[PDB]
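*Asks:* Here it is: the structure, laid out below.
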Amino acid sequence: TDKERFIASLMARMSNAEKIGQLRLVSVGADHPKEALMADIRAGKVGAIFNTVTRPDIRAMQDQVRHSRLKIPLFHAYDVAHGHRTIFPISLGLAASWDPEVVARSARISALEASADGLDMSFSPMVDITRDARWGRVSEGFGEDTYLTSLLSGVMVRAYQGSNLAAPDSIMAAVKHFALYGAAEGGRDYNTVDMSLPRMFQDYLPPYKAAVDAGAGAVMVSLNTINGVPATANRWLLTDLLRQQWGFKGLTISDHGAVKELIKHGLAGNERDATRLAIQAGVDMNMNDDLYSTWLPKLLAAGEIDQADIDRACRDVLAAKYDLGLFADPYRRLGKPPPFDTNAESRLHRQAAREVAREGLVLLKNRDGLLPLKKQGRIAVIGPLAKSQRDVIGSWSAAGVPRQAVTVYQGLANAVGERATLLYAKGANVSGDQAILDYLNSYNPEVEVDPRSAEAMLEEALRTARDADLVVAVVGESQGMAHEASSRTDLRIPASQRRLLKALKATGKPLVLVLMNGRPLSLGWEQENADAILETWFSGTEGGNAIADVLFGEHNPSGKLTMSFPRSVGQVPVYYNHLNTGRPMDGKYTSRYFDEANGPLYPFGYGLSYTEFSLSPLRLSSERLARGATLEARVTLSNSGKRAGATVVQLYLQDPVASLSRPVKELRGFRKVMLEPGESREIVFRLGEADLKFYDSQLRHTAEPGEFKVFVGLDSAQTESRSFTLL
Amino acid sequence: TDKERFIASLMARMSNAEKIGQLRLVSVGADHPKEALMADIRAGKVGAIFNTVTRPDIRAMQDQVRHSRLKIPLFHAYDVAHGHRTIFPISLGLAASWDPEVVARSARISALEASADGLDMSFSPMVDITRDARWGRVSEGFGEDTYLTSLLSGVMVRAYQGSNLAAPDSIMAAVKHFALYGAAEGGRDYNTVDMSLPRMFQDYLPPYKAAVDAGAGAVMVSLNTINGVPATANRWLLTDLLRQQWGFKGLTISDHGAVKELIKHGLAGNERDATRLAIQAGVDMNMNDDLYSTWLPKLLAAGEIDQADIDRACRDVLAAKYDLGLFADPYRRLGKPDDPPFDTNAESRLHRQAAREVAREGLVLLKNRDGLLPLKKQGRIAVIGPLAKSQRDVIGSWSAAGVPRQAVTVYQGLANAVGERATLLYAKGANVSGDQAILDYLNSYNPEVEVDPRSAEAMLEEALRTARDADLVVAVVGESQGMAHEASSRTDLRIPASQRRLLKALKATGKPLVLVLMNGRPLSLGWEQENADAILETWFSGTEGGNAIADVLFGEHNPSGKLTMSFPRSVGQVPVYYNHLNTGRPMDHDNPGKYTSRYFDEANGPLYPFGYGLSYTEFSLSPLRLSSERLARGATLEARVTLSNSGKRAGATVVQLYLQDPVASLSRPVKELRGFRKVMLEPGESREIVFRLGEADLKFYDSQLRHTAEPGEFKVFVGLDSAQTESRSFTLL
Ligand SMILES: [Mg+2]
Ligand SMILES: [Mg+2]
């Protein structure tokens, strides 16, 4: 109770002006010039800063606080999504590791590097469920599965915050985006979200609850409407659910201009009413638009808000700073009153980035064991992503320096050394569409546009392929194609690069596709025509080295998809945990399309190996399960091939008769197992009542007696099943 | 209460076997051979028949009733969706008329022809809201707008049922598909529907309620889950909402095998449990799977259902037969035993004048560069494309008793128009699809698509030869009717690739290129909008389609059709609809930034918006004027505008009134249709349009489902489409 007494005694001494100042979250920029901001900090008008990311800059801002009456320290936040300076694979690629220890390592190193630069908080993890591949922000989440995303949500929060939020190598997690942000209609960023309460509670909300239960200090509120109500004005979401049902005791933070955006949503006619709706809904901290500082005094004096609205918000800010240790030592992450190079090579974590990046790479095709490659012969390395440092570190690359990143080309060159001969040709620009190139280059030069014609680049690539034994085509999206507000109407590799691929195929040379992308892609032609396909997402600062490690067989690919790959954008959404319908497709009068093959091209949990694995028959510990008892599902996994390697044994559950139509299967467990040739492991899954419960039409959360079907396999599509009955 | 006394007295006489027999709805088929069915009718084991559609066949079934103990008459139902024998345009084309009197005429004639063949009931109107162009059944509805679909829902029900359901020219309407069937996830037929209650009540449910309020005798229950619960097992939907809140007093009917499908949905492990769920939810009549007849006796004897469950269902069936006049005369729609035999399909029994006049009204002019249309009837006209000579496709999907051989193709309509004055040159140009797997699908069950066995190249060279020998090209392209049918969901909204290759080759001849589109859903037409000289949307225009299309192409009728569903630029933009929410970061002309709600790889917004359609004349609207700046509760205000024909040809257009509630307790749509007026004007003629608005127009369902109009600003928009408007505001007190 030291914390409650400290905050009560401080707040008893604060003016409303001082309490309102604590709610203000700003960045140095056009709207807040540095010297005016310094003056506001000295006056106690600023609660926190984002987007200031070096120790001397952060220390300088904290120094201004000694001029305010109460000297309440700032906290400093940043978007450390998948690395701070050492960039790990994007989250969608981290998820493909199926290894909470790998994901925890990326988060722990991110927090170590961020805190070493003086940051206290990250706007991460992003834990929104994504079933729509068009949305640019699918790169930031962990895929489509509620169970896996919820597990990794808690893993990220614990890895960031550690055993103690006051530790100088801990940062506070601000879990985002609360809530349902990835259900945007049409996959258009910021668009309308409309869903039933059972779907919301069963499928979309659990990853946010998992973050709260892992002790997340902060929640960042989403930009979207939920069933007509913007999250930023949603008292049900932020008060009734988050605080009163889930027991969240931390800090709610608006997104950038989100309070002011209530006017565009048509919830408010003016900034005064927008401010009232946000503070009364339960938004504590106001990012950038300064509406709280502008309007809260007038709102209170007019009796339009209560003192308790200000006091709740201010208490939450002070409680976060308290937990971060900033009242004990506001410089605990900023060292003592020797300068250093923030971007020194010595401050990076290349070993960790390379080991983590290996685990997320997904082998999608490997005809006649073309991979792994031998380090010999003439290897053509062709495509616009082969030499791209900007793209390998992905979207939301924080303080990542492209020039420090290892490209696919450089990774191959490092791997072969003097062996083999690499032949480079760019082959195509990332896009043939000038309006797309101008969008991607609209703010910063993100995409190198080769001034040569497409035809000249193609002729050069064909000459290179002719001079080679095999072709490694490095193709896909630029990182700006899978970013905030970068929604796509087409899930294929860009047309300029597909023209290149078809030309390379026509040479007859063995064709290896290395894909870079931040979302599921439509790969029908590639699955038919490529000899091998390696999904590399955006693999980060050591991406090229991790990719070469897999291509030459130093690492046996072990990644498995956490999001279904649709055959085309016209099939969206496709996800493994769908309902059966009354007329399931297995034949015209079924739930299907007629103009394309049905189901995903690659299902949830899919990924190949350089070795072969066998599963023994699934055995359940009983055919009947008593209430409050545990069931064991056992299988033996064996490495039946010639190479050491890992795979992921997946356990799915179906409730085939229920008060609601339940999914054809739902992930309830998994085990990643590394085996030498001829090794076995007995895998034991534990199932309890908590695994069997679901939200019905009235949101009763219970398990109904009846049959459950247990499936075990190496992907969602290739399983063996046994049933038991819950009594 | 003379009706309820008649029904109470009859039910007092009936065994549970006889009561359960009334709930059985069957068709002659593999599962129910004709002679087995005849024996079941004689035993009182059949309540009703569907898909028996000629007087002699229906008379023969009614004749078996004489042999049962209680002699309770059958009713006979069919899918009379957009015509019985005289086929009108599909519903999406009827909607494009924006004319309740045109839609009423199609429904009245349908009921006239169906009842003349002895039918008592149609499984129509289909009134599901459709915002997803991929769904095959978009052709069957009225488009994306709740106001227009709700208005046409009531119009269809009143036109079918007339002033008296016992009239021999009336049929009962079984409104479908209750509910939300058109929101199928992925646009995959029968798929999961998941939506918020405020969206359900504001946008999707009103067309079903409009049908109930117009006095629809029946409701057909949908095949989909609603928020996890199949409609067929949904007590909230069928009892709490339909009966208790809406006061529906008629008959609920299952879809084909829908009760048994509760097992596949995973609500039941067996047929006994599926039967219990459906009857207790409020499904009265069991279509084809015979689960009610198989399981209701065992369920009642085990105390798993109540006698009241059987009694309610049986009462609903008997009340429908009573309203249809079938207890007063079971032969009232079947003439007299003295009546001589006749040809069911005689020309004399068709209504071609009504089909031709109605089909004219739904045709949408999408493009007309430099006034190419209307055409002069002279010179050499190449008529090219796989739909040019298609009788099967012009009558559309759900063509009921329509006879393809009686239909007027686009080619034949052009031949009828030009006579000796011009020379038509025909070439097929391409098959409807170049994809053999698609042709295999379309010829599954019934061979419906003529396949030219020649190579695509040979057909293209023939079409190019034909175009070269002509003064202009009329390309008749789009979907076959099997592409926009039940379970025909598309992943591509473009004209098929084989026909797009044909159009690109035709464009390269430099001949003027006129596109006549046939289709049952919005199409992606980016290339066509850029490259065609003119584009006429004809949907599937029915038995007189080719004549109505020629009437427009040669300027006998000035196109007046307007879209009721937004045409997306590509399938990757689905869904696109006009009454969307603004978001916090809108992308529009006034908000064109990078960090907005938009795609980056394609132009944004629909290619053609809701309410869009061109004319051969030009129209002007005067400034919008409101009768007051303030509206008191209990009062009406008037929005006034003058429409003028400022061109040289007579023609109609549609003035559209939209409302926005710019500040509300939930985010409200950027615009919502609240009125319209279709006006025919001579050149230089003007019409003062007066729209009436009240509190009823201003209400929405909030998060607690209170249906309220909040004080504050309302914006009134008037224009000739949803994208070309101006606004004036008033304040509700
Ligand atoms: Mg169960
Ligand atoms: Mg309002």
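Every chain in the structure tokens has a letter given in the order shown (A, B, ...), and although residue numbers restart at 1 in each chain, ligands are simply numbered from 1 in the order shown.
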Set the cut-off to 8 Å, count only C-alpha atoms and all ligand atoms, and list whatever residues fall near ligand 1 as a list in words.

*Replies:*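 Checking only C-alpha atoms and all ligand atoms against ligand 1 at 8 Å gives residues 655, 656, 657, 658, 659, 703, 704, 705, 706, 707 and 708 of chain A.
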
*Asks:* Residues near stretch 500-503 of chain A, anyone? I mean within 10 Å using only C-alpha atoms, not counting same-chain ones fewer than 6 positions away, as a list in words.

*Replies:*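 Non-adjacent residues within range: residues 382, 383, 426, 427, 428, 429, 454, 455, 457, 458, 459, 461, 462, 465, 473, 474, 475, 493, 511, 513, 525, 526, 529 and 530 of chain A.
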
*Asks:* As a PyMOL selection string, please: every protein or nucleic acid residue near ligand 2 (cut-off 9 Å, counting only C-alpha atoms and all ligand atoms).

*Replies:* (chain A and resi 266-267) or (chain B and resi 660-665+668+698+709-714+731-732)

*Asks:* Give me a file of those residues, with N, CA, C and O atoms, as an mmCIF file, in the first residue's frame.

*Replies:*
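Ended up saving to result_11.cif:
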data_model
loop_
_atom_site.group_PDB
_atom_site.id
_atom_site.type_symbol
_atom_site.label_atom_id
_atom_site.label_comp_id
_atom_site.auth_asym_id
_atom_site.auth_seq_id
_atom_site.Cartn_x
_atom_site.Cartn_y
_atom_site.Cartn_z
ATOM 1 N N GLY A 266 -18.118 11.508 -36.060
ATOM 2 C CA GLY A 266 -19.496 12.009 -35.884
ATOM 3 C C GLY A 266 -20.072 11.667 -34.510
ATOM 4 O O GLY A 266 -21.319 11.540 -34.392
ATOM 5 N N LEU A 267 -19.216 11.518 -33.501
ATOM 6 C CA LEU A 267 -19.646 11.420 -32.083
ATOM 7 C C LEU A 267 -19.650 12.799 -31.423
ATOM 8 O O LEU A 267 -20.301 12.939 -30.379
ATOM 9 N N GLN B 660 -27.909 12.943 -43.370
ATOM 10 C CA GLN B 660 -26.798 12.625 -42.452
ATOM 11 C C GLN B 660 -27.142 13.196 -41.078
ATOM 12 O O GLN B 660 -27.666 14.327 -41.004
ATOM 13 N N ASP B 661 -26.825 12.443 -40.036
ATOM 14 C CA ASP B 661 -26.877 12.879 -38.622
ATOM 15 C C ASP B 661 -25.428 13.023 -38.155
ATOM 16 O O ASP B 661 -24.826 12.031 -37.691
ATOM 17 N N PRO B 662 -24.820 14.221 -38.317
ATOM 18 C CA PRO B 662 -23.366 14.353 -38.196
ATOM 19 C C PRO B 662 -22.804 14.252 -36.779
ATOM 20 O O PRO B 662 -21.588 14.027 -36.658
ATOM 21 N N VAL B 663 -23.648 14.381 -35.751
ATOM 22 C CA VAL B 663 -23.225 14.169 -34.341
ATOM 23 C C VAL B 663 -24.244 13.230 -33.706
ATOM 24 O O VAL B 663 -25.406 13.557 -33.672
ATOM 25 N N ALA B 664 -23.822 12.092 -33.209
ATOM 26 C CA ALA B 664 -24.767 11.113 -32.630
ATOM 27 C C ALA B 664 -24.055 10.275 -31.559
ATOM 28 O O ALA B 664 -22.821 10.316 -31.487
ATOM 29 N N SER B 665 -24.815 9.525 -30.774
ATOM 30 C CA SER B 665 -24.299 8.625 -29.710
ATOM 31 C C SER B 665 -23.674 7.366 -30.336
ATOM 32 O O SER B 665 -23.015 6.617 -29.609
ATOM 33 N N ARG B 668 -22.747 7.526 -37.311
ATOM 34 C CA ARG B 668 -23.849 7.297 -38.277
ATOM 35 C C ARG B 668 -23.294 7.419 -39.692
ATOM 36 O O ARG B 668 -22.297 8.083 -39.930
ATOM 37 N N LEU B 698 -35.456 10.252 -38.894
ATOM 38 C CA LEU B 698 -34.223 10.717 -38.206
ATOM 39 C C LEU B 698 -33.745 9.711 -37.153
ATOM 40 O O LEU B 698 -32.670 9.920 -36.570
ATOM 41 N N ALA B 709 -34.463 9.544 -32.087
ATOM 42 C CA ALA B 709 -33.933 10.659 -32.901
ATOM 43 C C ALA B 709 -33.386 11.683 -31.919
ATOM 44 O O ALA B 709 -34.175 12.179 -31.078
ATOM 45 N N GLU B 710 -32.095 11.986 -31.985
ATOM 46 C CA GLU B 710 -31.458 12.872 -30.996
ATOM 47 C C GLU B 710 -31.516 14.305 -31.514
ATOM 48 O O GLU B 710 -31.344 14.578 -32.714
ATOM 49 N N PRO B 711 -31.778 15.272 -30.611
ATOM 50 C CA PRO B 711 -31.763 16.674 -30.995
ATOM 51 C C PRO B 711 -30.381 17.046 -31.536
ATOM 52 O O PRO B 711 -29.395 16.448 -31.091
ATOM 53 N N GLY B 712 -30.351 18.017 -32.451
ATOM 54 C CA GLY B 712 -29.134 18.538 -33.079
ATOM 55 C C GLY B 712 -29.276 18.641 -34.584
ATOM 56 O O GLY B 712 -30.420 18.547 -35.111
ATOM 57 N N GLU B 713 -28.147 18.792 -35.261
ATOM 58 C CA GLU B 713 -28.123 19.077 -36.706
ATOM 59 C C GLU B 713 -28.477 17.803 -37.485
ATOM 60 O O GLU B 713 -28.064 16.670 -37.084
ATOM 61 N N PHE B 714 -29.209 17.981 -38.580
ATOM 62 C CA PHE B 714 -29.369 16.981 -39.659
ATOM 63 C C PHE B 714 -29.003 17.682 -40.959
ATOM 64 O O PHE B 714 -29.361 18.862 -41.146
ATOM 65 N N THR B 731 -32.082 21.887 -37.629
ATOM 66 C CA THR B 731 -31.869 21.403 -36.252
ATOM 67 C C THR B 731 -33.171 20.797 -35.744
ATOM 68 O O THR B 731 -34.231 21.499 -35.805
ATOM 69 N N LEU B 732 -33.094 19.545 -35.282
ATOM 70 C CA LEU B 732 -34.226 18.905 -34.578
ATOM 71 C C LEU B 732 -34.192 19.396 -33.137
ATOM 72 O O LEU B 732 -33.108 19.305 -32.465
#

*Asks:* Nearest to chain B among A:202, A:527, A:414, A:639, with distances taken over only C-alpha atoms: which residue is it?

*Replies:*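 Using only C-alpha atoms, chain B sits closest to A:202.
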
*Asks:* Which residues are close to residue B:646, i.e. within 6 Å by only C-alpha atoms, leaving aside same-chain residues fewer than 2 positions away? Reply as a ChimeraX atom specification.

*Replies:* /B:618-619,644,684

*Asks:* Can you spit out the residues from that selection as a compact mmCIF listing (two decimals), in the first residue's frame, using N, CA and C atoms?

*Replies:*
# COMPACT_ATOMS: atom_id res chain seq x y z
N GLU B 618 -30.03 15.97 -70.62
CA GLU B 618 -29.33 16.55 -69.46
C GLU B 618 -30.39 17.09 -68.51
N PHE B 619 -30.15 16.99 -67.20
CA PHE B 619 -31.07 17.53 -66.17
C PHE B 619 -30.33 18.53 -65.29
N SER B 644 -35.39 20.12 -63.89
CA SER B 644 -35.64 20.59 -65.27
C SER B 644 -34.91 19.68 -66.24
N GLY B 684 -37.23 21.05 -71.68
CA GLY B 684 -37.64 22.35 -71.12
C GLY B 684 -38.69 22.24 -70.03

*Asks:* Quick one: residues within 10 Å of residue A:710, only C-alpha atoms counted, chain neighbours fewer than 4 positions away excluded, as a list in words?

*Replies:*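 Counting only C-alpha atoms, the residues come to residues 618, 619, 620, 633, 651, 652, 653, 654, 655, 665, 666, 667, 668, 687, 719, 720, 721, 722, 723 and 724 of chain A.
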
*Asks:* Please produce an output containing N, CA, C and O atoms for each residue in the selection, written as an mmCIF file, in the first residue's frame.

*Replies:*
data_model
loop_
_atom_site.group_PDB
_atom_site.id
_atom_site.type_symbol
_atom_site.label_atom_id
_atom_site.label_comp_id
_atom_site.auth_asym_id
_atom_site.auth_seq_id
_atom_site.Cartn_x
_atom_site.Cartn_y
_atom_site.Cartn_z
ATOM 1 N N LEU A 618 -2.643 -41.284 -32.081
ATOM 2 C CA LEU A 618 -3.062 -40.448 -30.940
ATOM 3 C C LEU A 618 -3.732 -41.365 -29.919
ATOM 4 O O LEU A 618 -4.620 -42.123 -30.336
ATOM 5 N N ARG A 619 -3.368 -41.234 -28.649
ATOM 6 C CA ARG A 619 -3.966 -41.998 -27.528
ATOM 7 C C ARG A 619 -4.465 -41.008 -26.474
ATOM 8 O O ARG A 619 -3.655 -40.208 -26.002
ATOM 9 N N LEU A 620 -5.746 -41.092 -26.111
ATOM 10 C CA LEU A 620 -6.339 -40.329 -24.987
ATOM 11 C C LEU A 620 -6.284 -41.192 -23.719
ATOM 12 O O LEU A 620 -6.444 -42.417 -23.816
ATOM 13 N N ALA A 633 -3.602 -36.299 -23.899
ATOM 14 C CA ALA A 633 -3.471 -36.769 -25.291
ATOM 15 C C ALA A 633 -1.983 -37.026 -25.555
ATOM 16 O O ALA A 633 -1.163 -36.074 -25.422
ATOM 17 N N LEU A 651 -2.123 -29.407 -31.509
ATOM 18 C CA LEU A 651 -3.333 -30.021 -30.945
ATOM 19 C C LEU A 651 -4.503 -29.064 -31.163
ATOM 20 O O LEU A 651 -4.443 -27.872 -30.737
ATOM 21 N N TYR A 652 -5.532 -29.600 -31.798
ATOM 22 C CA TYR A 652 -6.786 -28.900 -32.100
ATOM 23 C C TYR A 652 -7.926 -29.629 -31.422
ATOM 24 O O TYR A 652 -7.856 -30.851 -31.281
ATOM 25 N N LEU A 653 -8.959 -28.875 -31.086
ATOM 26 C CA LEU A 653 -10.170 -29.386 -30.431
ATOM 27 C C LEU A 653 -11.387 -28.958 -31.249
ATOM 28 O O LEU A 653 -11.419 -27.841 -31.738
ATOM 29 N N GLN A 654 -12.347 -29.854 -31.408
ATOM 30 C CA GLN A 654 -13.685 -29.493 -31.950
ATOM 31 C C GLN A 654 -14.737 -29.894 -30.915
ATOM 32 O O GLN A 654 -14.617 -30.989 -30.356
ATOM 33 N N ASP A 655 -15.731 -29.038 -30.722
ATOM 34 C CA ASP A 655 -16.958 -29.312 -29.938
ATOM 35 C C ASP A 655 -18.089 -29.485 -30.943
ATOM 36 O O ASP A 655 -18.702 -28.494 -31.343
ATOM 37 N N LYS A 665 -12.332 -26.621 -35.991
ATOM 38 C CA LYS A 665 -11.241 -26.925 -35.036
ATOM 39 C C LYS A 665 -10.656 -25.640 -34.491
ATOM 40 O O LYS A 665 -10.813 -24.608 -35.111
ATOM 41 N N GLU A 666 -10.066 -25.735 -33.310
ATOM 42 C CA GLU A 666 -9.491 -24.590 -32.590
ATOM 43 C C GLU A 666 -8.179 -25.075 -31.986
ATOM 44 O O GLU A 666 -8.204 -26.093 -31.321
ATOM 45 N N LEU A 667 -7.092 -24.349 -32.185
ATOM 46 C CA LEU A 667 -5.774 -24.698 -31.586
ATOM 47 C C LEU A 667 -5.884 -24.657 -30.054
ATOM 48 O O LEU A 667 -6.419 -23.663 -29.519
ATOM 49 N N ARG A 668 -5.426 -25.704 -29.361
ATOM 50 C CA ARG A 668 -5.434 -25.701 -27.879
ATOM 51 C C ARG A 668 -4.062 -26.098 -27.328
ATOM 52 O O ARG A 668 -3.931 -26.152 -26.102
ATOM 53 N N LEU A 687 -5.364 -31.488 -21.274
ATOM 54 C CA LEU A 687 -6.634 -30.770 -21.556
ATOM 55 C C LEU A 687 -7.473 -30.714 -20.284
ATOM 56 O O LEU A 687 -7.583 -31.747 -19.608
ATOM 57 N N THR A 719 -4.260 -34.043 -39.902
ATOM 58 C CA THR A 719 -4.380 -34.488 -38.499
ATOM 59 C C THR A 719 -4.971 -35.902 -38.416
ATOM 60 O O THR A 719 -5.600 -36.398 -39.388
ATOM 61 N N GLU A 720 -4.739 -36.536 -37.270
ATOM 62 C CA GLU A 720 -5.487 -37.735 -36.822
ATOM 63 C C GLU A 720 -6.315 -37.330 -35.599
ATOM 64 O O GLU A 720 -5.860 -36.450 -34.839
ATOM 65 N N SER A 721 -7.509 -37.894 -35.464
ATOM 66 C CA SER A 721 -8.510 -37.459 -34.455
ATOM 67 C C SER A 721 -8.978 -38.637 -33.606
ATOM 68 O O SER A 721 -9.084 -39.778 -34.143
ATOM 69 N N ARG A 722 -9.231 -38.349 -32.333
ATOM 70 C CA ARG A 722 -9.923 -39.257 -31.387
ATOM 71 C C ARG A 722 -10.905 -38.428 -30.573
ATOM 72 O O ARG A 722 -10.600 -37.250 -30.306
ATOM 73 N N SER A 723 -12.008 -39.016 -30.138
ATOM 74 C CA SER A 723 -13.027 -38.300 -29.336
ATOM 75 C C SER A 723 -13.002 -38.779 -27.889
ATOM 76 O O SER A 723 -12.646 -39.943 -27.628
ATOM 77 N N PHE A 724 -13.441 -37.907 -26.994
ATOM 78 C CA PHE A 724 -13.797 -38.243 -25.601
ATOM 79 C C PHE A 724 -15.106 -37.532 -25.289
ATOM 80 O O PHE A 724 -15.530 -36.672 -26.079
#

*Asks:* Could you list, as a PyMOL selection string, every residue within 10 Å of stretch 596-599 of chain A, counting only C-alpha atoms and ignoring same-chain residues fewer than 3 positions away?

*Replies:* (chain A and resi 524+564-568+570-571+574-576+585-586+591-593+602-603) or (chain B and resi 435+437-438+489-492)

*Asks:* Let me see the file: selected residues, N, CA and C atoms, as an mmCIF file, in the first residue's frame.

*Replies:*
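As a result, again_4.cif now contains:
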data_model
loop_
_atom_site.group_PDB
_atom_site.id
_atom_site.type_symbol
_atom_site.label_atom_id
_atom_site.label_comp_id
_atom_site.auth_asym_id
_atom_site.auth_seq_id
_atom_site.Cartn_x
_atom_site.Cartn_y
_atom_site.Cartn_z
ATOM 1 N N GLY A 524 -0.515 -18.796 -56.188
ATOM 2 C CA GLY A 524 -0.972 -19.900 -57.062
ATOM 3 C C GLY A 524 0.032 -20.221 -58.163
ATOM 4 N N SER A 564 -3.501 -18.174 -42.526
ATOM 5 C CA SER A 564 -3.890 -18.878 -43.762
ATOM 6 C C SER A 564 -3.539 -18.012 -44.969
ATOM 7 N N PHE A 565 -2.965 -18.619 -46.003
ATOM 8 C CA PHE A 565 -2.612 -17.890 -47.233
ATOM 9 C C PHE A 565 -3.765 -18.120 -48.208
ATOM 10 N N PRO A 566 -4.548 -17.075 -48.530
ATOM 11 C CA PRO A 566 -5.673 -17.211 -49.464
ATOM 12 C C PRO A 566 -5.150 -17.475 -50.879
ATOM 13 N N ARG A 567 -5.945 -18.159 -51.701
ATOM 14 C CA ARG A 567 -5.571 -18.356 -53.132
ATOM 15 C C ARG A 567 -5.645 -17.021 -53.902
ATOM 16 N N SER A 568 -6.539 -16.121 -53.510
ATOM 17 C CA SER A 568 -6.690 -14.782 -54.145
ATOM 18 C C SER A 568 -7.391 -13.857 -53.153
ATOM 19 N N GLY A 570 -10.019 -12.330 -53.597
ATOM 20 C CA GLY A 570 -11.473 -12.528 -53.730
ATOM 21 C C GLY A 570 -12.005 -13.593 -52.771
ATOM 22 N N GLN A 571 -11.122 -14.301 -52.062
ATOM 23 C CA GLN A 571 -11.523 -15.357 -51.089
ATOM 24 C C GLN A 571 -11.532 -14.808 -49.659
ATOM 25 N N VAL A 574 -10.217 -15.985 -45.284
ATOM 26 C CA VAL A 574 -9.977 -17.437 -45.094
ATOM 27 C C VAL A 574 -9.178 -17.585 -43.801
ATOM 28 N N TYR A 575 -9.630 -18.487 -42.955
ATOM 29 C CA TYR A 575 -8.972 -18.781 -41.660
ATOM 30 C C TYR A 575 -9.405 -20.183 -41.266
ATOM 31 N N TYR A 576 -8.567 -20.875 -40.493
ATOM 32 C CA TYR A 576 -8.707 -22.331 -40.273
ATOM 33 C C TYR A 576 -9.885 -22.597 -39.321
ATOM 34 N N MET A 585 -18.305 -27.387 -47.924
ATOM 35 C CA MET A 585 -17.587 -27.819 -49.151
ATOM 36 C C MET A 585 -16.726 -29.036 -48.795
ATOM 37 N N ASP A 586 -16.670 -30.027 -49.686
ATOM 38 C CA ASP A 586 -15.878 -31.273 -49.512
ATOM 39 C C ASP A 586 -14.683 -31.234 -50.473
ATOM 40 N N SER A 591 -20.915 -24.329 -49.648
ATOM 41 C CA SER A 591 -20.350 -23.005 -49.335
ATOM 42 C C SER A 591 -18.960 -22.905 -49.959
ATOM 43 N N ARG A 592 -18.879 -22.316 -51.150
ATOM 44 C CA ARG A 592 -17.673 -22.375 -52.010
ATOM 45 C C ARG A 592 -17.741 -21.299 -53.092
ATOM 46 N N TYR A 593 -16.613 -21.066 -53.752
ATOM 47 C CA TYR A 593 -16.560 -20.286 -55.005
ATOM 48 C C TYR A 593 -16.523 -21.269 -56.166
ATOM 49 N N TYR A 602 -2.195 -22.390 -48.616
ATOM 50 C CA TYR A 602 -1.389 -22.938 -47.499
ATOM 51 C C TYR A 602 -2.153 -22.723 -46.212
ATOM 52 N N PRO A 603 -2.422 -23.804 -45.468
ATOM 53 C CA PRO A 603 -3.240 -23.718 -44.272
ATOM 54 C C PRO A 603 -2.451 -23.295 -43.039
ATOM 55 N N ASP B 435 -12.051 -20.742 -69.308
ATOM 56 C CA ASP B 435 -11.612 -21.662 -68.236
ATOM 57 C C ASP B 435 -12.492 -22.917 -68.316
ATOM 58 N N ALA B 437 -12.684 -25.487 -66.427
ATOM 59 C CA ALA B 437 -13.243 -25.875 -65.108
ATOM 60 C C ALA B 437 -14.503 -25.039 -64.804
ATOM 61 N N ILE B 438 -14.547 -23.791 -65.253
ATOM 62 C CA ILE B 438 -15.750 -22.913 -65.117
ATOM 63 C C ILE B 438 -16.850 -23.408 -66.058
ATOM 64 N N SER B 489 -20.786 -18.278 -56.047
ATOM 65 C CA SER B 489 -19.994 -17.143 -55.522
ATOM 66 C C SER B 489 -18.725 -17.001 -56.376
ATOM 67 N N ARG B 490 -18.361 -15.759 -56.708
ATOM 68 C CA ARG B 490 -17.213 -15.405 -57.575
ATOM 69 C C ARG B 490 -16.093 -14.768 -56.740
ATOM 70 N N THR B 491 -14.843 -15.052 -57.096
ATOM 71 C CA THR B 491 -13.635 -14.424 -56.500
ATOM 72 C C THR B 491 -13.114 -13.300 -57.401
ATOM 73 N N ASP B 492 -13.758 -13.092 -58.551
ATOM 74 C CA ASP B 492 -13.371 -12.094 -59.585
ATOM 75 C C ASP B 492 -14.679 -11.413 -60.015
#
